[PDB]
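Reading the structure
Okay, here's what each chain looks like letter by letter:
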Amino acid sequence: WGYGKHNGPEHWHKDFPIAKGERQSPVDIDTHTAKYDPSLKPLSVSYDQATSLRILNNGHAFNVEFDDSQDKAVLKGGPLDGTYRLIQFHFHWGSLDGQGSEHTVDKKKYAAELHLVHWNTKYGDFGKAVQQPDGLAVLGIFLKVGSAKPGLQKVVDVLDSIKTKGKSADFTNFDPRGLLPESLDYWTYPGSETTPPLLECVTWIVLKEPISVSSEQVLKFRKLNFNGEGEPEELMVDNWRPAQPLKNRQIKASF
Ligand SMILES: CC(=O)Nc1nnc(S(N)(=O)=O)s1
Ligand SMILES: [Hg+2]
Ligand SMILES: [Zn+2]
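Residues numbered from 1 in each chain as written, not as in the entry; some residues may be left out. Chains lettered and ligands numbered in written order. Heavy atoms only, no water. Residues with missing side-chain atoms left out of burial classes, pairs and counts.

Method of determination for the deposited model, per the PDB record: X-ray crystallography, at 2.1 Å resolution.

In the nomenclature of the PDB entry, the protein chain corresponds to CARBONIC ANHYDRASE II from the organism Homo sapiens. Looking at the Subunit (literature references left out) heading of the UniProt record, one finds this comment for the protein chain: "Interacts with SLC4A4. Interaction with SLC4A7 regulates SLC4A7 transporter activity. Interacts with SLC26A6 isoform 4 (via C-terminus cytoplasmic domain)." Within the UniProt record for the protein chain, the comment given under Sequence similarities is "Belongs to the alpha-carbonic anhydrase family." (UniProt positions renumbered as here; feature names shortened; annotations may be inferred.)

Let us now look at the nonpolar core. With 48 residues, the main nonpolar core has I55, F62, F89, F91 and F221 as its most contacted residues. Of all the secondary-structure elements, those providing two or more residues to this core are strand 5 (62-66), strand 7 (84-93), strand 9 (112-120), strand 10 (136-145), helix 2 (153-158), strand 13 (202-207) and strand 14 (211-213). Ranked by residue count, the leading element in this core is strand 7, at five residues. Excluding anything up to four places from it in sequence, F91 contacts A61, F62, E113, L114, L143, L152, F221 and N239. Formed by 21 residues, the second largest nonpolar core is a distinct cluster that contains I87, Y123, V130 and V202. (Core = buried A, V, L, I, M, F, W, Y, C linked by side-chain atoms within 4.5 Å. Buried < 20%, exposed > 50% of the residue type's maximum accessible area, 1.4 Å probe, protein only. Helix = DSSP H or I, 4+ residues; strand = E, 2+ residues; numbered from the N terminus. Contact = heavy atoms within 4.5 Å.)

In this section: the site of ligand 1. Close to ligand 1 lie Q88, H90, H115, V117, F126, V138, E193, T194, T195 and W204, which account for all nearby residues. Within the side chain of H90, an N or O atom sits 3.1 Å from an oxygen atom of ligand 1. Residue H115 places a side-chain N or O atom 3.4 Å away from an oxygen atom belonging to ligand 1. Coverage of ligand 1 by the protein chains reaches 84% of its 350 Å² of free accessible surface. More than half of the atoms belonging to ligand 1 lie within 2 Å of the grid points that define the largest pocket. Counting residues per element, the ones that place at least two in the shell around ligand 1 are strand 7 and strand 9. Class assignment for the residues of the shell around ligand 1 results in four nonpolar, five polar and one charged. (Near = heavy atom within 4 Å. Polar contact = N/O pair within 3.5 Å; in protein donor to acceptor, adjacent residues only side chain to side chain. Areas by Shrake-Rupley, 256 points an atom, 1.4 Å probe, with all protein chains shown as cover. 1 Å grid on protein atoms, 1.4 Å probe; cavity = no way out; pocket = protein on both sides within 12 Å on 5 of 7 lines; lining within 4 Å. Sits in = over half its atoms within 2 Å of the grid points. Nonpolar A, V, L, I, M, F, W, Y, C, P; charged D, E, K, R; others polar.)

Now for the UniProt feature "binding site: substrate" in the protein chain. What UniProt calls "binding site: substrate" maps, in this numbering, to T194 and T195. From the set just named, the residues that line the largest pocket comprise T194 and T195. Among the secondary structure elements, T194 is positioned in the loop between strand 12 (186-191) and strand 13. Apart from residues lying up to four places away in sequence, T194 is in contact with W12, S25, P26, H92, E102, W204 and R241. For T194, the side chain forms a polar contact with the side chain of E102, separated by 2.6 Å. The topology assignment puts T195 in the loop between strand 12 and strand 13. With relative accessibility at 19%, the residue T195 sits in the buried group. Residue contacts for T195: discarding those within four places in its chain leaves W1, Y3 and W12.

Here you go:
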């Protein structure tokens, strides 16, 4: 599976038939059919005791991994019942600045999208959590191209260390708070992981307020490679899944 002509999203259904299931992500957020629900609590993002461990290029994107052995960085509040542990975060980006996001907002596509993944602590570990309809919660953040994001620069600089598939680099003392927008106003809906196994286990929480990063900061994203070392060069660009049919679902807004 990958994002190419022969192994791209329009083919993942053959090994992963859940690709055309019931609650698949991403989706277009139509802001006028989004149901403002005033029973939706504010988000409680507690990320001040976060331990980042490392960064690694896994062939389809890079993941800053975190130590989820204790509630150090947790997400609760909003639509969530219970505490969800931060395990890792990654982006999806495009080859140009008019594509990149997975989720769109009135069919508009932004330059990229940050996903901070969290698993429900009721289930003991991430592994058991994806056996559950409420196992995961992914906080989604849109990136637009403008002024540079200060807090994004440590990530951008490490990317030469992990140019190719399989590479890693110790990456401690990274504080994820530096990537959060000013406002925690979100849209939320039942969905899925957007990369195989496409498990229908995610409560998505997409923020309304994009962060901006600079054009030179996102250029560095597009230098990475899909391919392993000593293999033909495949630039890691456009690693996003097209929007899926909302099928029944209604998207709520906290605003
Ligand atoms: C281990 C892990 O995190 N797997 C994920 N699969 N898809 C994710 S995504 N596309 O929803 O943000 S996270
Ligand atoms: Hg599930
Ligand atoms: Zn993702």
